[PDB]
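Listed next as structure tokens: two forms of one protein chain, kept apart as structure 1 and structure 2.
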Structure 1
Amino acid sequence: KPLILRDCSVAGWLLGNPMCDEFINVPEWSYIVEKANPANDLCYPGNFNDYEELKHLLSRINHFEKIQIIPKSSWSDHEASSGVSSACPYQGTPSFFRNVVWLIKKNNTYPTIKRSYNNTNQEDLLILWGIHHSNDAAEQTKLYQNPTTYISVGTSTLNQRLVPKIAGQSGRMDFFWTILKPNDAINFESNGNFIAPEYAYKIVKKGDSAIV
């Protein structure tokens, strides 16, 4: 049986737009049926990076196992529960992608995040995260204390260091993804504008799919 994304896109599904709650957990699929211009995509406006590349990989995946890799409950020094926007509604209330976390400052301070995760699963791990490009300097301090920030992500086969490009929603968000090979580790470091991973996907079944 196919995976029939409805008005949801691959990005919407994989990031977990609250509009895509039908696909919070998805059984094994044969192939994927996506629409041409799906209504429910990126919650918050922006770009999903290497989208075509990822869609291509999906043509070889038949099922994901979603795991929790950074518990929301483990952000001691950052606010992890008020990162919501009326662009991403759930039951008509401000929400956000379910698989990632919009970290905001706690008590006018955003300590440097230096987090790291070793893939002790026996399979390839698909990991998505993001960076927020804010409107203005005011928005920038209101959300993160630090006016000059960066996103830093790295594996054996990845080196990302991004600086947010500041200039219903007038800011943007970039999303990114990588595949973490078994026994490799991923390292996150940021002092603002970081959309952290909460859930990730083990690539559990392969063989032939396709996007339609």
Structure 2
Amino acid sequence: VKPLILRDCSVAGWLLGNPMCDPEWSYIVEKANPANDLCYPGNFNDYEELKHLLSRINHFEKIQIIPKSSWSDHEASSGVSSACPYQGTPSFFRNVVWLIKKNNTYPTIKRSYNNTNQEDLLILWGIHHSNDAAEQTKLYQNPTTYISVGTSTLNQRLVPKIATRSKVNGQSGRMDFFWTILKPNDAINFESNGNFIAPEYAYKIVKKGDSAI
């Protein structure tokens, strides 16, 4: 088990799986000025807090918590962007899922994940802010949407801000990302009818000082 030494990628970029960045590690090292952060424009919530938390971790393990194959009623591989290319073609963050309507329908999602592991889990998700009613319809069908997220300590409801915006890295849309630490035997619960960038992979983390000798 070796340290994870990020070359061209930020902490946020690696966690989310920025495709422009070329299973188990100890601590993480991030360079001073990584070229690749968030390829798609937007915000990473409480980023300073996450970086400090992650600097205190010396065991990481990436686990699949919501398999991409489990989205039977939503497209899970159709959402890509020229902001996030791979080998010259539009791509997307690899560790979260851009869910898109399927057959002109976006059923309301209810998904829970229960932390059956012995370690704390870092889980990330996001929201896509669309540019106008037409784009909203095209991608998600439903005009008025939300993402609700709950744990034993988190109670969040995200609502897209649908508005015309300047193009940043070619995109008028924005994506904001959020995270939490899910304690053992706690569960995270999602309900959404659109604009949801869903977790696929999460990270088991152990703080320095918490391991057996």
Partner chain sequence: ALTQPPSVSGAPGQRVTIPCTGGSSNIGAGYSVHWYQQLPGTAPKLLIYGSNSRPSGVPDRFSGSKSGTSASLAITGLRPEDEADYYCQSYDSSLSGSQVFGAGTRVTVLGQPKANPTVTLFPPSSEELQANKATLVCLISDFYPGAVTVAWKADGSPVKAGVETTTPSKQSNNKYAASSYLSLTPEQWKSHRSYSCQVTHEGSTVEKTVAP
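Shifts are known only where both forms have a C-alpha. By rigid core we mean the largest C-alpha set that fits within 1.5 Å across both forms. All residue numbers here follow the sequence of structure 1, with the first residue given the number 1.
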Selected structure - the one that is the form solved without its partner chain: 2
Which of these moves by 2 angstroms or more at the C-alpha between structure 1 and structure 2, core superposed: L180, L143, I32, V153? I32
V204 C-alpha shift between structure 1 and structure 2 of 2 Å or more, rigid core reference: yes
Aligning on the rigid core, one finds that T93 shifts at its CA between structure 1 and structure 2, in Å, by 1.1
Taking the rigid core as fixed, quantify in angstrom how much the C-alpha of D7 shifts between structure 1 and structure 2. 2.8
Regions of at least 3 residues displaced between structure 1 and structure 2 by 2 angstroms or more (CA, core superposed): 1 to 7, 27 to 39, 204 to 211
